[PDB]
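So the protein sequences, as listed, match chains A and B.
Numbered by full-length UniProt numbering, the letters in the first sequence go through residues 501 to 599 in order.
Numbered by full-length UniProt numbering, the letters in the second sequence go through residues 501 to 599 in order.
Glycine included, each C-beta is placed from N, C-alpha and C at the ideal position.
Heads up, the thing below is written out as structure tokens.
There are 2 protein chains.
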Amino acid sequence: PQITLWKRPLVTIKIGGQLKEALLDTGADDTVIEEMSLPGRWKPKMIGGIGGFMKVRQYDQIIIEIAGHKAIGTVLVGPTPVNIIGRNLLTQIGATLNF
Amino acid sequence: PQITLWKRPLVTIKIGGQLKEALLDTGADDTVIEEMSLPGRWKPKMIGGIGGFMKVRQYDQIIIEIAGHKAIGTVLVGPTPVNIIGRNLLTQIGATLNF
Ligand SMILES: CC(C)CN(C[C@@H](O)[C@H](Cc1ccccc1)NC(=O)O[C@H]1CO[C@H]2OCC[C@H]21)S(=O)(=O)c1ccc(N)cc1
Ligand SMILES: [Cl-]
Ligand SMILES: [Cl-]
Ligand SMILES: [Cl-]
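Dropping the structure here:
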């Protein structure tokens, strides 16, 4: 698809068996999802942005379906106000910015 | 161009006669640049990011070149960790997300 940017670029994702809405975010290095359980090991991380930093849990090798396209990678989980699909998974679905 | 996302999508911008680096950020509603002098009056604005809220100065109808494309629109100025080009100006340069 081609997604214009008049509105926030939100898509449906499936993660951990759950359907969620998420923002396709070229400014995010990594994917950050609201608090939820994920299987396996995790380690703490701090991510910084507008407003300062947020503490998250980093889960590796998590499969996400993003608008119907499967991808695997690191997912950070924390009290983000918006689910964000970052570059680490955008690359995997072949996403590009075009102008 | 067609910009892939294996690295940060950084571009050169020109604002107030100065060249700066900025991140093309589809997850940003607004364009936010580090402290600098701009002409005219400004208005208050609060934006919310990953670490919480941030006060900024809102300047309207500012001339800015983004990767060689001319835009004229709102620029928020504040203590952001990186200059970010948000959807308000990405739409002006005709940018879309594609996969
Ligand atoms: C600021 C960027 C360098 C990094 N951010 C991604 C960015 O797209 C956020 C993504 C975002 C979006 C909504 C809420 C929190 C974070 N947008 C953002 O802060 O935009 C602000 C300016 O326009 C406004 O519109 C959205 C809030 C305002 S971030 O959310 O802090 C972040 C940083 C690191 C990772 N791995 C993941 C996300
Ligand atoms: Cl990854
Ligand atoms: Cl590629
Ligand atoms: Cl604008």
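query                                                                                                                                                                                               : result
Please work out which residues of its chain come closer than 6 Å, Cβ to Cβ, to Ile-503 of chain A, disregarding the five sequence neighbours upstream and downstream, and give them in chain order. : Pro-509
Given a cut-off of 8 Å, decide if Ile-563 of chain A and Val-511 of chain A are closer than it, judged by their beta-carbon atoms.                                                                  : no
Just curious, the alpha helix (DSSP H) that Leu-589 of chain B is in, first and last residue?                                                                                                       : 587 to 590
Please return the same chain residues whose Cβ sits closer than 8 Å to the Cβ of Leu-576 of chain B, not counting the five positions on each side in sequence.                                      : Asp-530, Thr-531, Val-532, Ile-533, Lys-545, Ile-547, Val-556, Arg-557, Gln-558, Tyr-559
What are the start and end residues of the beta strand (DSSP E) that includes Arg-557 of chain B?                                                                                                   : 552 to 566
Using the rule of at least 16 other Cβ atoms within 10 Å of the residue's Cβ for burial, across every protein chain shown, is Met-554 of chain B buried or exposed?                                 : buried
Name the DSSP bridge partner or partners of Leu-510 of chain B?                                                                                                                                     : B:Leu-523
Among all the DSSP beta bridges, which residues are the ones paired with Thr-531 of chain A?                                                                                                        : A:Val-575
Which residues in chain B sit within 7 Å of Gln-502 of chain A, going by Cβ to Cβ distance?                                                                                                         : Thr-596, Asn-598
Using a Cβ-based criterion (distance less than 7 Å to any ligand heavy atom), does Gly-540 of chain A qualify as near ligand 2?                                                                     : no
Once the 5 residues before and after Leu-519 of chain A are set aside, which same chain residues still bring their CB inside 7 Å of it?                                                             : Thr-512
From this set, A:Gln-561, A:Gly-549, A:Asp-525, A:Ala-528, which residue's C-alpha is nearest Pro-539 of chain A's C-alpha?                                                                         : A:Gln-561
Quick one: Cα of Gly-573 of chain B to Cα of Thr-526 of chain A, how far?                                                                                                                           : 21 Å
Does the Cβ-Cβ distance between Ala-595 of chain B and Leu-590 of chain A come in under 8 Å?                                                                                                        : no
Show which residues of chain A have a CB atom less than 9 Å away from the CB atom of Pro-509 of chain B.                                                                                            : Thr-526, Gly-527, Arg-587, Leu-597
Can you list the residues of chain A that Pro-581 of chain B reaches, using a CB-CB cut of under 8 Å?                                                                                               : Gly-548, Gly-549, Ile-550
Using CA atoms only, rank isn't needed, just tell me which of B:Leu-505, B:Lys-570, B:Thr-580 is closest to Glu-535 of chain B.                                                                     : B:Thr-580
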